[PDB]
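Here's input28.txt, which has compact mmCIF, C-alpha atoms and all ligand atoms:
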```
# COMPACT_ATOMS: atom_id res chain seq x y z
CA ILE H 1 5.57 0.83 24.93
CA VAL H 2 8.02 2.12 27.56
CA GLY H 3 11.17 3.97 26.44
CA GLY H 4 10.27 3.94 22.74
CA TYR H 5 9.52 6.59 20.16
CA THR H 6 6.56 8.01 18.25
CA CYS H 7 6.36 5.82 15.11
CA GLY H 8 4.83 8.42 12.80
CA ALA H 9 1.31 8.17 11.35
CA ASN H 10 0.73 5.01 9.27
CA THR H 11 4.41 3.99 9.27
CA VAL H 12 3.47 0.57 10.69
CA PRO H 13 0.69 -0.28 8.21
CA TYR H 14 -0.02 -3.81 9.52
CA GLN H 15 -0.63 -2.57 13.08
CA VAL H 16 -4.27 -2.79 14.13
CA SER H 17 -6.16 -1.67 17.21
CA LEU H 18 -8.82 -4.01 18.62
CA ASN H 19 -11.73 -1.97 19.92
CA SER H 20 -14.70 -3.04 22.09
CA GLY H 21 -15.86 0.50 22.90
CA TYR H 22 -12.22 1.41 23.65
CA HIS H 23 -8.78 0.13 22.52
CA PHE H 24 -7.92 -3.06 24.44
CA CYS H 25 -5.22 -4.85 22.38
CA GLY H 26 -3.06 -4.66 19.29
CA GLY H 27 -2.96 -7.12 16.39
CA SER H 28 -1.26 -7.63 13.04
CA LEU H 29 -2.98 -7.72 9.66
CA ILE H 30 -1.76 -10.81 7.78
CA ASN H 31 -4.08 -10.60 4.76
CA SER H 32 -7.08 -8.55 3.66
CA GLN H 33 -9.48 -10.42 6.00
CA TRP H 34 -7.42 -11.84 8.88
CA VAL H 35 -5.67 -10.47 11.96
CA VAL H 36 -3.25 -12.27 14.32
CA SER H 37 -3.36 -11.28 18.00
CA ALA H 38 -2.79 -12.83 21.46
CA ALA H 39 -5.24 -15.40 22.82
CA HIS H 40 -5.28 -13.46 26.09
CA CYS H 41 -6.88 -10.68 24.02
CA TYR H 42 -9.94 -12.82 23.38
CA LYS H 43 -13.39 -11.31 23.90
CA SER H 44 -16.65 -11.02 21.98
CA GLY H 45 -17.76 -7.86 20.15
CA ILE H 46 -14.43 -6.93 18.55
CA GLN H 47 -14.14 -4.16 15.98
CA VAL H 48 -10.83 -4.14 14.12
CA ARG H 49 -9.44 -0.66 13.49
CA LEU H 50 -6.95 -0.34 10.66
CA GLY H 51 -4.98 2.67 9.43
CA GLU H 52 -4.86 4.15 12.95
CA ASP H 53 -2.44 6.64 14.35
CA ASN H 54 -4.24 8.70 16.98
CA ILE H 55 -6.79 6.17 18.30
CA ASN H 56 -8.91 8.97 19.81
CA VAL H 57 -9.22 11.11 16.64
CA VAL H 58 -10.55 10.23 13.16
CA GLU H 59 -7.65 11.41 10.98
CA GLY H 60 -8.74 10.13 7.55
CA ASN H 61 -7.00 6.81 6.87
CA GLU H 62 -8.95 4.50 9.18
CA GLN H 63 -10.96 1.44 8.27
CA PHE H 64 -13.29 0.16 10.98
CA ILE H 65 -14.42 -3.43 10.32
CA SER H 66 -16.24 -5.70 12.81
CA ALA H 67 -14.90 -9.21 13.41
CA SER H 68 -17.06 -12.09 12.12
CA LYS H 69 -15.24 -14.71 14.16
CA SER H 70 -12.30 -15.26 16.46
CA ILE H 71 -10.32 -18.47 16.74
CA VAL H 72 -8.22 -19.00 19.84
CA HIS H 73 -5.41 -21.55 19.47
CA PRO H 74 -6.74 -24.99 20.45
CA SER H 75 -3.88 -25.48 22.97
CA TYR H 76 -3.88 -22.02 24.55
CA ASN H 77 -3.36 -22.26 28.31
CA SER H 78 -4.40 -19.04 30.07
CA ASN H 79 -2.47 -19.93 33.26
CA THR H 80 0.93 -20.50 31.62
CA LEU H 81 0.20 -18.39 28.48
CA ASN H 82 1.55 -21.21 26.36
CA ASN H 83 0.22 -20.91 22.75
CA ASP H 84 -0.85 -17.28 23.27
CA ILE H 85 -2.18 -16.74 19.76
CA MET H 86 -5.58 -16.05 18.20
CA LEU H 87 -6.88 -15.31 14.70
CA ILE H 88 -9.63 -12.76 14.04
CA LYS H 89 -11.56 -12.67 10.74
CA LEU H 90 -12.99 -9.40 9.42
CA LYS H 91 -16.64 -9.29 8.28
CA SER H 92 -15.43 -7.65 5.06
CA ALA H 93 -11.98 -7.45 3.44
CA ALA H 94 -9.85 -4.40 4.24
CA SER H 95 -8.91 -2.14 1.35
CA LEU H 96 -5.11 -2.53 1.11
CA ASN H 97 -2.92 0.46 0.27
CA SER H 98 0.46 1.98 1.48
CA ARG H 99 -1.07 2.88 4.87
CA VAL H 100 -3.03 -0.36 5.41
CA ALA H 101 -0.97 -3.39 4.48
CA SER H 102 -0.51 -6.99 5.53
CA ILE H 103 2.71 -8.30 7.11
CA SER H 104 4.37 -11.54 5.88
CA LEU H 105 4.43 -14.67 8.03
CA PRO H 106 7.91 -16.05 8.68
CA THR H 107 9.42 -18.81 6.55
CA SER H 108 11.86 -19.57 9.37
CA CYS H 109 12.30 -18.64 13.01
CA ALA H 110 14.41 -15.58 13.80
CA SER H 111 17.60 -15.87 15.86
CA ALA H 112 18.78 -14.28 19.09
CA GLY H 113 20.43 -11.00 18.19
CA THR H 114 18.00 -10.15 15.38
CA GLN H 115 16.72 -6.57 15.65
CA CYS H 116 12.93 -6.25 15.58
CA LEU H 117 10.31 -3.51 15.71
CA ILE H 118 7.69 -3.75 18.47
CA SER H 119 4.72 -1.35 18.43
CA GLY H 120 1.47 -0.49 20.22
CA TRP H 121 -0.71 1.99 22.10
CA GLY H 122 0.08 0.53 25.53
CA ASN H 123 1.30 2.14 28.75
CA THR H 124 4.46 4.27 28.35
CA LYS H 125 5.43 4.21 32.05
CA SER H 126 7.18 1.45 34.06
CA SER H 127 5.67 2.80 37.28
CA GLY H 128 2.24 4.41 37.14
CA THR H 129 0.12 4.83 34.02
CA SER H 130 0.11 6.98 30.89
CA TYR H 131 -1.57 5.89 27.65
CA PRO H 132 -0.46 7.57 24.44
CA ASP H 133 -2.99 8.34 21.79
CA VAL H 134 -0.53 7.86 18.90
CA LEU H 135 1.31 4.65 17.97
CA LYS H 136 4.60 4.05 19.78
CA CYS H 137 7.56 2.04 18.46
CA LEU H 138 10.55 0.23 19.99
CA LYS H 139 13.52 -1.34 18.23
CA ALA H 140 14.70 -4.31 20.30
CA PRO H 141 16.81 -7.44 19.83
CA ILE H 142 15.67 -11.00 20.35
CA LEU H 143 17.43 -12.44 23.42
CA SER H 144 19.05 -15.87 23.77
CA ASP H 145 16.80 -18.65 25.03
CA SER H 146 19.28 -19.21 27.87
CA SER H 147 19.02 -15.58 29.04
CA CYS H 148 15.24 -15.70 28.60
CA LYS H 149 14.98 -18.89 30.70
CA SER H 150 17.36 -17.45 33.33
CA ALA H 151 15.22 -14.31 33.60
CA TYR H 152 12.04 -16.35 34.01
CA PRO H 153 12.90 -19.76 35.52
CA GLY H 154 10.25 -22.44 34.88
CA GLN H 155 8.07 -20.22 32.66
CA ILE H 156 9.51 -20.07 29.12
CA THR H 157 8.14 -22.72 26.75
CA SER H 158 9.30 -23.57 23.24
CA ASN H 159 6.50 -21.28 22.00
CA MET H 160 7.94 -18.16 23.62
CA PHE H 161 10.92 -15.88 23.18
CA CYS H 162 12.29 -12.86 25.01
CA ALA H 163 13.12 -9.59 23.34
CA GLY H 164 14.32 -6.30 24.76
CA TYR H 165 16.98 -5.16 27.21
CA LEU H 166 18.04 -6.85 30.44
CA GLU H 167 19.07 -3.43 31.80
CA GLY H 168 15.39 -2.40 31.70
CA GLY H 169 13.87 0.93 30.66
CA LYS H 170 12.71 -0.20 27.19
CA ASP H 171 9.88 -2.73 26.76
CA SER H 172 6.30 -3.34 25.67
CA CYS H 173 3.61 -3.08 28.36
CA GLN H 174 -0.11 -3.43 29.20
CA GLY H 175 -2.19 -2.30 26.21
CA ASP H 176 0.45 -3.47 23.72
CA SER H 177 -0.87 -7.05 24.17
CA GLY H 178 -1.49 -8.90 20.92
CA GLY H 179 0.60 -6.46 18.88
CA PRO H 180 3.48 -7.19 16.46
CA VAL H 181 7.16 -7.98 16.77
CA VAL H 182 8.43 -7.67 13.19
CA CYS H 183 11.97 -8.64 12.20
CA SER H 184 13.33 -8.12 8.68
CA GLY H 185 9.75 -7.67 7.39
CA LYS H 186 8.38 -10.88 8.94
CA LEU H 187 5.95 -11.23 11.85
CA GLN H 188 8.03 -13.17 14.39
CA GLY H 189 6.31 -12.31 17.67
CA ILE H 190 3.11 -11.25 19.41
CA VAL H 191 3.21 -9.15 22.61
CA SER H 192 2.30 -11.71 25.27
CA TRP H 193 3.64 -11.11 28.80
CA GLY H 194 6.33 -9.95 31.22
CA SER H 195 6.83 -9.13 34.89
CA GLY H 196 5.79 -5.47 35.13
CA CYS H 197 7.24 -3.44 32.21
CA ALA H 198 10.79 -2.34 31.47
CA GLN H 199 12.05 -3.86 34.75
CA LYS H 200 15.70 -4.91 35.07
CA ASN H 201 16.22 -8.59 34.15
CA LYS H 202 12.54 -8.94 33.19
CA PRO H 203 12.45 -8.57 29.40
CA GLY H 204 9.27 -8.84 27.30
CA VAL H 205 8.02 -12.33 26.44
CA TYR H 206 6.54 -12.92 22.99
CA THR H 207 4.57 -15.67 21.27
CA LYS H 208 6.85 -17.45 18.80
CA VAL H 209 4.87 -17.02 15.56
CA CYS H 210 7.13 -19.22 13.41
CA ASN H 211 5.81 -22.26 15.34
CA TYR H 212 2.24 -21.43 14.23
CA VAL H 213 2.56 -20.81 10.49
CA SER H 214 1.04 -24.18 9.54
CA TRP H 215 -1.88 -23.69 11.95
CA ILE H 216 -2.43 -20.13 10.70
CA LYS H 217 -2.43 -21.10 7.02
CA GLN H 218 -4.65 -24.14 7.42
CA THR H 219 -7.09 -22.26 9.67
CA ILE H 220 -7.36 -19.38 7.19
CA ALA H 221 -7.81 -21.82 4.29
CA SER H 222 -10.90 -23.39 5.95
CA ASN H 223 -12.59 -20.46 7.70
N1 LIG F 1 6.71 -6.79 27.81
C1 LIG F 1 6.08 -6.70 28.99
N2 LIG F 1 6.73 -6.40 30.03
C2 LIG F 1 4.60 -6.95 29.07
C3 LIG F 1 3.88 -7.03 27.88
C4 LIG F 1 2.51 -7.26 27.90
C5 LIG F 1 1.84 -7.41 29.10
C6 LIG F 1 0.38 -7.65 29.03
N3 LIG F 1 -0.40 -7.52 30.00
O1 LIG F 1 -1.73 -7.76 29.82
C7 LIG F 1 -2.68 -6.72 30.09
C8 LIG F 1 -3.18 -6.03 28.82
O2 LIG F 1 -2.42 -5.59 27.98
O3 LIG F 1 -4.49 -5.90 28.60
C9 LIG F 1 2.55 -7.33 30.30
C10 LIG F 1 3.94 -7.11 30.28
CA CA F 2 -7.68 7.58 14.41
```

Just give me the structure of the file as structure tokens.
Amino acid sequence: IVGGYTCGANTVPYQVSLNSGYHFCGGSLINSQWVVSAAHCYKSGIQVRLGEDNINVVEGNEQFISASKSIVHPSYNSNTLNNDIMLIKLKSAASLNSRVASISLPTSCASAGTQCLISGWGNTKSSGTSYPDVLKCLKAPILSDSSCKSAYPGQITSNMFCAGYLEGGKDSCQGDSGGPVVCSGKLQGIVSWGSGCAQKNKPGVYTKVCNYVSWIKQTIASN
């Protein structure tokens, strides 16, 4: 997260870190045994880390649970990043409490102008590299589809939306991939892509979760 703020320990209780020996992506806990992340985050050997603040220090509220299975969206295209969504099942159910909590799926899509909270342990610089150890937060509005399409001609599908600031300086970034965009207590987006980070006229692009609610529910119900 570039140009954001320190969230505060366990203030984003649905935020997970995906760990394969090191943090490589964020995700969102949607019930006691399932996480939503980005398909581009796919790999084998995932351990889901819940209740994290400092990802380099055991602080006392963590739950570390290995994934039993990952399910990449059947229509995910890694070239275009269309359908950039994946579900990860935990080998055992997380213990839910105020610091480890699921986030609701949307009942309807959110509109341009809606303020959302985007979070992750990704790069905090728009040029060069600095990875924070504690969770970073950004409040950002959803942008109009017209401004999103104008920023990225030929690249925005119906399964994507832009959020952030066309002036630049405030954005998600590498390492935030797969993490949440939450608006009015609903998971509306997944950190997916963007040209660099926090660049002028290159806002963040997010997977449009409201399009996937049926797939998520039916997948969970049978797996
Ligand atoms: N909002 C952005 N500008 C943005 C967000 C996410 C990315 C993801 N890159 O993938 C590499 C990784 O995280 O492992 C790029 C740009
Ligand atoms: Ca920790």

Item to check | For residue 67 (chain H): contacts at 6 Å, all atoms listed in the file, fewer than 5 positions along chain excluded, given as a VMD selection string | outcome: chain H and resid 46 to 47 89 to 91

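For ligand CA 2 (chain F), the neighbouring protein, DNA and RNA residues, which are those within 10 Å when only C-alpha atoms and all ligand atoms are counted, are residues 9, 17, 49, 50, 51, 52, 53, 54, 55, 56, 57, 58, 59, 60, 61, 62, 63, 64, 133 and 134 of chain H.
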
Next on the checklist: What residues of the protein or nucleic acid chains come within 9 Å of ligand LIG 1 (chain F) when you use all atoms listed in the file? Reply as a ChimeraX atom specification.
Outcome noted: /H:1-2,24-26,40-41,122-123,126,162-164,170-178,191-199,202-206

Checklist entry - So, counting only C-alpha atoms, which residue among H:7, H:93, H:209, H:105 is closest to residue 119 (chain H)? => result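 Using only C-alpha atoms, residue 119 (chain H) sits closest to H:7.
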
Item to check | Atom-to-atom span, CA of residue 42 (chain H) and CA of residue 179 (chain H), Å | outcome: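 Interatomic distance, CA of residue 42 (chain H) to CA of residue 179 (chain H): 13.1 Å.
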
Checklist outcome for this item: If you count all atoms listed in the file, the residue of H:180, H:74, H:132, H:189 closest to residue 111 (chain H) turns out to be H:189

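With all atoms listed in the file as the atoms that count, the residue of H:82, H:10, H:108, H:144 with the shortest distance to residue 214 (chain H) is H:108.
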
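Counting only C-alpha atoms, the residue from H:38, H:151, H:109, H:12 that sits nearest to residue 83 (chain H) is H:38.
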
Next on the checklist: If I take CA of residue 182 (chain H) and CA of residue 118 (chain H), how far is one from the other in Å, to one decimal?
Outcome noted: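 The value is 6.6 Å.
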
Checklist entry - Suppose you want the space between CA of residue 34 (chain H) and CA of residue 120 (chain H); what is it in Å? => result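 So the two atoms, CA of residue 34 (chain H) and CA of residue 120 (chain H), lie 18.3 Å apart.
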
Item to check | Residue with smallest distance to residue 187 (chain H) - pool H:37, H:218, H:150, H:92, counting all atoms listed in the file | outcome: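 With all atoms listed in the file as the atom set, the closest residue is H:37.
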
Checklist entry - Which is closer to residue 183 (chain H) than all the others in H:73, H:99, H:139, H:217, using only C-alpha atoms? => result H:139

May I have the protein, DNA and RNA residues with any atom at most 12 Å from the point (18.3, -19.7, 26.5), counting all atoms listed in the file, written as a compact mmCIF listing (two decimals) with C-alpha atoms, in the coordinates of the input?
```txt
# COMPACT_ATOMS: atom_id res chain seq x y z
CA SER H 111 17.60 -15.87 15.86
CA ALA H 112 18.78 -14.28 19.09
CA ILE H 142 15.67 -11.00 20.35
CA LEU H 143 17.43 -12.44 23.42
CA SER H 144 19.05 -15.87 23.77
CA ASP H 145 16.80 -18.65 25.03
CA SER H 146 19.28 -19.21 27.87
CA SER H 147 19.02 -15.58 29.04
CA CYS H 148 15.24 -15.70 28.60
CA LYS H 149 14.98 -18.89 30.70
CA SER H 150 17.36 -17.45 33.33
CA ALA H 151 15.22 -14.31 33.60
CA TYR H 152 12.04 -16.35 34.01
CA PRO H 153 12.90 -19.76 35.52
CA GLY H 154 10.25 -22.44 34.88
CA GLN H 155 8.07 -20.22 32.66
CA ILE H 156 9.51 -20.07 29.12
CA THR H 157 8.14 -22.72 26.75
CA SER H 158 9.30 -23.57 23.24
CA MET H 160 7.94 -18.16 23.62
CA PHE H 161 10.92 -15.88 23.18
CA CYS H 162 12.29 -12.86 25.01
CA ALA H 163 13.12 -9.59 23.34
```

Next on the checklist: I'd like the neighbourhood of residue 104 (chain H) as a PyMOL selection string, where a residue qualifies if any of its atoms comes within 9 Å (using all atoms listed in the file), though same-chain residues fewer than 5 positions away should be ignored.
Outcome noted: chain H and resi 30-31+185-187

Checklist entry - Do you know which residues are at most 12 Å from residue 33 (chain H) counting only C-alpha atoms, after dropping those on the same chain fewer than 2 positions away, and could you put them as number ranges by chain? => result H: 28-31, 35-36, 48, 50, 65-70, 87-96, 100-102, 220-221, 223

Produce a file of the selected residues containing C-alpha atoms, as a PDB file, in the coordinates of the input.
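What landed in part10.pdb:
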```pdb
ATOM      1  CA  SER H  28      -1.260  -7.630  13.040  1.00  0.00           C
ATOM      2  CA  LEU H  29      -2.980  -7.720   9.660  1.00  0.00           C
ATOM      3  CA  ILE H  30      -1.760 -10.810   7.780  1.00  0.00           C
ATOM      4  CA  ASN H  31      -4.080 -10.600   4.760  1.00  0.00           C
ATOM      5  CA  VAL H  35      -5.670 -10.470  11.960  1.00  0.00           C
ATOM      6  CA  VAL H  36      -3.250 -12.270  14.320  1.00  0.00           C
ATOM      7  CA  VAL H  48     -10.830  -4.140  14.120  1.00  0.00           C
ATOM      8  CA  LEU H  50      -6.950  -0.340  10.660  1.00  0.00           C
ATOM      9  CA  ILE H  65     -14.420  -3.430  10.320  1.00  0.00           C
ATOM     10  CA  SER H  66     -16.240  -5.700  12.810  1.00  0.00           C
ATOM     11  CA  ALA H  67     -14.900  -9.210  13.410  1.00  0.00           C
ATOM     12  CA  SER H  68     -17.060 -12.090  12.120  1.00  0.00           C
ATOM     13  CA  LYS H  69     -15.240 -14.710  14.160  1.00  0.00           C
ATOM     14  CA  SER H  70     -12.300 -15.260  16.460  1.00  0.00           C
ATOM     15  CA  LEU H  87      -6.880 -15.310  14.700  1.00  0.00           C
ATOM     16  CA  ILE H  88      -9.630 -12.760  14.040  1.00  0.00           C
ATOM     17  CA  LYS H  89     -11.560 -12.670  10.740  1.00  0.00           C
ATOM     18  CA  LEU H  90     -12.990  -9.400   9.420  1.00  0.00           C
ATOM     19  CA  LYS H  91     -16.640  -9.290   8.280  1.00  0.00           C
ATOM     20  CA  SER H  92     -15.430  -7.650   5.060  1.00  0.00           C
ATOM     21  CA  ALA H  93     -11.980  -7.450   3.440  1.00  0.00           C
ATOM     22  CA  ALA H  94      -9.850  -4.400   4.240  1.00  0.00           C
ATOM     23  CA  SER H  95      -8.910  -2.140   1.350  1.00  0.00           C
ATOM     24  CA  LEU H  96      -5.110  -2.530   1.110  1.00  0.00           C
ATOM     25  CA  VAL H 100      -3.030  -0.360   5.410  1.00  0.00           C
ATOM     26  CA  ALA H 101      -0.970  -3.390   4.480  1.00  0.00           C
ATOM     27  CA  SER H 102      -0.510  -6.990   5.530  1.00  0.00           C
ATOM     28  CA  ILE H 220      -7.360 -19.380   7.190  1.00  0.00           C
ATOM     29  CA  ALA H 221      -7.810 -21.820   4.290  1.00  0.00           C
ATOM     30  CA  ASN H 223     -12.590 -20.460   7.700  1.00  0.00           C
TER      31      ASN H 223
END
```
